[PDB]
């Protein structure tokens, strides 16, 4: 039989191999803008990142014509950002992938009782640490 240590080793090897086959900030803005027009400030708050990081990601998305700025109809000083037509199916495709992935994790989790899920949760947190 196989030790749990070896099972864990093999499992992590499989996830790392799969890895070896848009930044995440950019893709998170895409997803956010897919749901509501927003400002730099709003984006920084919702994403929990610095204003410099938001400006940097917004610039990359703009260069790619994934998003576009406009002026708040109420206030001429506030710049709003929204998806371009070109970005609509990009964001939709990313949102769908994310949702499907999470659904898969959720269905797997649902095969376990709350008590079992707590075991799994503690296991994953402790193992996460070894990789942070």
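Positions refer to the first chain, counted from 1.
- Unmodelled deposited residues between residue 21 and residue 22: 10 or more, per the record.
- Between 23 to 31 and 72 to 80, it is 72 to 80 that carries the larger average Cα temperature factor according to the deposited entry.
- For the pair 8 to 16 and 115 to 123, the mean Cα B-factor is higher in 8 to 16.
- The deposited CA B-factor of residue 45 belongs to the highest third of values across its chain.
- Among the modelled residues of its chain, residue 85 has a C-alpha B-factor that falls in the highest third, as given in the PDB entry.
- Among all modelled residues in its chain, residue 53 ranks in the middle third by Cα B-factor.
- When the modelled residues of the chain are ordered by C-alpha B-factor, residue 107 sits in the lowest third.
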